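J.: There's a structure below that I have some questions on.
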Amino acid sequence: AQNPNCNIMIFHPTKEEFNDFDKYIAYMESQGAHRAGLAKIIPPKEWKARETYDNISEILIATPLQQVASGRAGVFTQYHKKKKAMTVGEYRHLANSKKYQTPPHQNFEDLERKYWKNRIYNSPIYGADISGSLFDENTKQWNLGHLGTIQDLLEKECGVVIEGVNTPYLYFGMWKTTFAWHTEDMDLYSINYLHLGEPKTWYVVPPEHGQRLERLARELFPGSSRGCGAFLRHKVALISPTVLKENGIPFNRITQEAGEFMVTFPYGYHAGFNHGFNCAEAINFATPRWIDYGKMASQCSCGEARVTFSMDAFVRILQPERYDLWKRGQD
Ligand SMILES: O=C(O)CNC(=O)C(=O)O
Ligand SMILES: [Mg+2]
Ligand code: NI
Ligand SMILES: [Zn+2]
């Protein structure tokens with residue numbers, strides 16, 4: 001079996017290998033990349049997402065989210081407080097202000113220490129989940145706005161045409177902005193490109209061990225767990241690497257830098273944080289290997305998770321027994 005220890009793999013495709021997205025994902029999996037839950041892809045040196053980032057300041061962040069923590073330094077939840085709209089230019093200035101800027105540090109490791117020590121005592125503001133793209137229309141390879149849609153993949157595998165569309169999202173981050181432990185909707189893949197700015201550190205649990213994370217989470221967030229049998233779908237819980245190691249949870253970590261892609265694999269739990277002002281673009285996607293995961297994906301029906309229009313059809317076709325209850329939680 002390839003990659004039996006479930007290590008995060010890093011790939012360096014040539015320009016020729018960068019032409020066919022589906023084929024390259026399948027190549028990665030042939031080498032066992034999916035066992036880790038997350039892979040890094042460094043694009044060929046000839047490639048670029050767009051010419052420059054000099055003209056992005058007028059993008060609007062309609063609902064910036066202040067991420068307020070509760071709990072202890074290594075075991076906490078976060079809620080999102082809505083703030084007034086601001087432009088990317090305004091947000092970048094805020095990120096760089098003395099209140100929010102990245103502290104002095106020696107290296108990524110020192111910064112990770114400082115994150116886990118001090119995250120809970122600050123409430124950074126995240127410009128997340130903004131529909132849009134920063135890829136130039138003329139970028140033909142690994143353009144996240146031109147991938148094959150999940151609806152077309154389900155149609156090609158299963159024969160049923162469904163409604164829905166699939167478009168990318170922009171994330172403008174600052175120091176300590178945080179993504180809580182989650183898998184993707186319907187245990188989809190995701191792909192994330194860091195367009196500009198400071199790094200993003202990721203933590204991931206191998207898919208074959210995801211239930212171990214779920215069991216620990218039920219123990220560490222006992223009220224949440226009573227409220228919902230799939231409360232990690234709420235995307236609010238954080239558990240530090242120190243806590244995971246103490247509880248024997250298998251995981252890995254990696255830092256993504258500007259110009260690099262990350263791919264998360266079906267049922268690969270992941271969490272992380274931003275080092276300073278940055279902008280990432282991400283989208284979900286599917287392959288034939290996803291279908292079986294989609295069929296088995298847990299769902300939140302307590303009402304909290306509230307998701308896109310396009311998840312309806314996935315639940316309806318792949319999980320017809322669940323559909324009625326899940327839709328009650330949507331409505
Ligand atoms: O970048 C972030 O805040 C979160 N991204 C993801 O969880 C992803 O790309 O799957
Ligand atoms: Mg602009
Ligand atoms: Ni994700
Ligand atoms: Zn729920």
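J.: Compute the normalised compactness of the chain: alpha-carbon radius of gyration over 2.2 N^0.38 Å, N being the residue count.
T.: Here the answer is 0.96, to two decimals.
J.: Which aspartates and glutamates, if any, have their Cα less than 13 Å from the Cα of residue 45, not counting same-chain residues under 8 positions apart?
T.: Counting by Cα, and skipping residues close in sequence, residue 45 has these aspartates and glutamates nearby: 16, 17, 260.
J.: Just add up the charged neighbours of residue 24: K/R +1, D/E -1, any other residue whose Cβ is under 11 Å from the Cβ of residue 24.
T.: Taking every other residue near residue 24 into account, the sum is -4.
J.: For the chain, build the charge dipole from Cβ charges (+1 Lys, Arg; -1 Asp, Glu) around the Cα centre, then report which of 309, 97, 251 sits farthest towards its positive end.
T.: Checked the options; the winner is 97.
J.: Looking at the chain as a GNM with Cα springs under 10 Å, which of 214, 198, 137 has the largest mean-square fluctuation?
T.: Among 214, 198, 137, the largest mean-square fluctuation in the Gaussian network model of the chain belongs to 137.
J.: Using 0.36 nm times the number of residues separating residue 253 and residue 292, minus their current alpha carbon distance, what extension gain do you get?
T.: My answer for the length gained is 11.4 nm.
J.: Tell me the Kirkwood radius of segment 208-331: reciprocal of the mean inverse pair distance over distinct alpha-carbon atoms, in Å.
T.: Averaging 1/r across every pair of different Cα atoms and inverting gives 16.6 Å.
J.: Hey, another quick one. For 189, 169, what's the fewest-to-most ordering of other Cβ within 10 Å of each Cβ?
T.: Listing 189, 169 from fewest to most nearby Cβ atoms yields 169, 189.
J.: Sticking with this one: Please give every one of the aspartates and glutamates within straight-line cross-link reach of residue 23, meaning a C-alpha to C-alpha distance under 17 Å, and leave out same-chain neighbours fewer than 8 residues apart.
T.: Result set, ordered by chain and number: 152, 157.
J.: Let me ask something additional. Any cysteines in the chain with zero other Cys Cβ atoms under 4.7 Å from their Cβ? List them, or say none.
T.: Taking the Cβ cut-off of 4.7 Å, the unpaired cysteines of the chain are 6, 158, 279, 300.
J.: Here is a follow-up. May I ask you to order 318-330, 230-242, 262-274 by the average number of other C-beta atoms within 10 Å around their residues, highest value first?
T.: So the order, starting with the most tightly packed, is 262-274, 230-242, 318-330.
J.: Something else: Can you give the extra length, in nm with one decimal, that the chain gains between residue 328 and residue 302 once fully stretched, where that is 0.36 nm per residue apart less the Cα-Cα distance?
T.: 8.5 nm
J.: Under a point spin-label approximation (7 Å from Cα along Cα-to-Cβ), what is the residue 98-residue 1 distance to one decimal in nm?
T.: 5.5 nm
J.: What number, rounded to the nearest 500 deg cm²/dmol, is the helix-based mean residue ellipticity at 222 nm of the chain, given -39500 (n - 2.57) per DSSP H run of at least four residues and division by all its residues?
T.: -7500 deg cm²/dmol
J.: Here is a follow-up. Could I have the simple spin-label model distance between residue 22 and residue 53, label points 7 Å from Cα toward Cβ, reported in nm to one decimal?
T.: 3.2 nm
J.: Rounded to the nearest 0.05, what FRET efficiency do residue 12 and residue 137 give with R0 = 35 Å and r taken as the Cβ-Cβ distance? Could you check?
T.: It comes out at approximately 0.85.
J.: What is the projected area of the convex hull of the Cα atoms of segment 38-167, averaged over all directions, in nm²?
T.: Its average projected convex-hull area is 12.1 nm².
J.: Rounded to two decimal places and with Rh computed the Kirkwood way over Cα pairs, what is Rg over Rh for segment 264-331?
T.: Looking at segment 264-331, the ratio lands at 1.03.
J.: What pairs in 15/140; 81/114; 117/245; 84/200; 15/40 have C-alpha atoms more than 18 Å from each other?
T.: The answer is 81/114; 84/200.
J.: Can you give the extra length, in nm with one decimal, that the chain gains between residue 87 and residue 68 once fully stretched, where that is 0.36 nm per residue apart less the Cα-Cα distance?
T.: Going from the current span to full extension adds 4.7 nm.
J.: Here's something else I'd like to know. Roughly how big is the chain's charge dipole about its Cα centre, with Cβ charges of +1 (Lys, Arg) and -1 (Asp, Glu), in debye to the nearest 20?
T.: Rounded to the nearest 20 debye, it is 1500 debye.
J.: Within a Cβ distance under 15 Å of residue 256, other residues only, what is the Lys/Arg minus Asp/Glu net charge?
T.: Net charge around residue 256: -2.
J.: I've got another one for you. All other residues with a Cβ under 11 Å from the Cβ of residue 237 taken together, and with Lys, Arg as +1 and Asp, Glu as -1, what is their net charge?
T.: +2
J.: Moving on to the next point. Could you tell me what a quarter of the Cα convex hull surface of segment 86-154 works out to, in nm² with one decimal place?
T.: Reported value for the Cα convex hull: 8.2 nm².
Values quoted throughout were computed directly from the atomic coordinates according to the rules given, and no laboratory measurement underlies them. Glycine gets a Cβ as well: all are built from the backbone with ideal geometry, and neighbour counts include every protein chain shown.
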